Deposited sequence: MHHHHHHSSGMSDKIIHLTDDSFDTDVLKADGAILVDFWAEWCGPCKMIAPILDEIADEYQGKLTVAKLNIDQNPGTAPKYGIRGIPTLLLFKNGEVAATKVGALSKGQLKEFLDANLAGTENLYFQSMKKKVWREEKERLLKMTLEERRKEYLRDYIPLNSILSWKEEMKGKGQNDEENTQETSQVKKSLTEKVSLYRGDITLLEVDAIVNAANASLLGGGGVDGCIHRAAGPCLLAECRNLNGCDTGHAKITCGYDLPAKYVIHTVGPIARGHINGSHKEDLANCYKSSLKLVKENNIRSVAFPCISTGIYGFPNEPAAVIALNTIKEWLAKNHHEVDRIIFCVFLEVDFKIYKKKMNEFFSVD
């Protein structure tokens, strides 16, 4: 049995070259993801769209749209737990859950990602209200506060609270893009790339349309 504190200490010391020599499977290096600037040929240099499996991204942090327990479950949360291996669950158990609109950081273990930022999106069981909208913004703000504090230069976000948590995809994207744009205005020097992970066609088309509005 690997023990999470020992494995985390070992992994966070390692250079990218050292990490790559131990990788279990194929990965997506950050320099194989075009900026919006490069894609559409300024903050356009600092943002990307990625349609693919977040667990493959070799970035400083991937964001997990987690549940209150932080123990994993289904969808992409489950995929991140399986890809990271059992040390992720062990570190998450020690965190004693996460509140709606808050975030907590762990090691990424078997992920190529150095860290996972776990954030708990609001749940809309029917039509959204101002609390849902505030809480979703707070997931992005709490996550980006951990990005700043942990010298994370590349981070990938999922479409937090869309799907089962019931946040309509278009209003979710507006909150996500507004929150990242406002944070980038202040913090652009300290990041190389914020990646929006937009697998479903519905999300890809929403983000494709809105990128120019927000970043150029």
- request: Return the ranges of the deposited sequence not covered by C-alpha coordinates, sorted by sequence position.
  value: 1 to 130, 172 to 189, 365 to 366
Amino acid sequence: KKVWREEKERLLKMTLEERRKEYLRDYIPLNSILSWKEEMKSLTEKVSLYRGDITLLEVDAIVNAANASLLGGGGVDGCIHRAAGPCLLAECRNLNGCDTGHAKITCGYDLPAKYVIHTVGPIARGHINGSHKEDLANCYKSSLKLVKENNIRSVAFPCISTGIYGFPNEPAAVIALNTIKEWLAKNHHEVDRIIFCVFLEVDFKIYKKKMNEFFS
From here on, numbers count along this sequence of modelled residues.
message: If you take the mean CA temperature factor per stretch, which one wins between 157 to 165 and 180 to 188?
response: 180 to 188
Stretch with the higher entry mean CA B-factor, where the candidates are 42 to 50 and 143 to 151: 42 to 50
Third of chain Cα B-factors occupied by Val174: highest
Modelled-residue ranking by C-alpha temperature factor, third containing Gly74: highest
- prompt: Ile195: which third of its chain by C-alpha temperature factor?
  reply: lowest
Third of the chain, ranked by Cα B-factor, where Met14 sits: middle
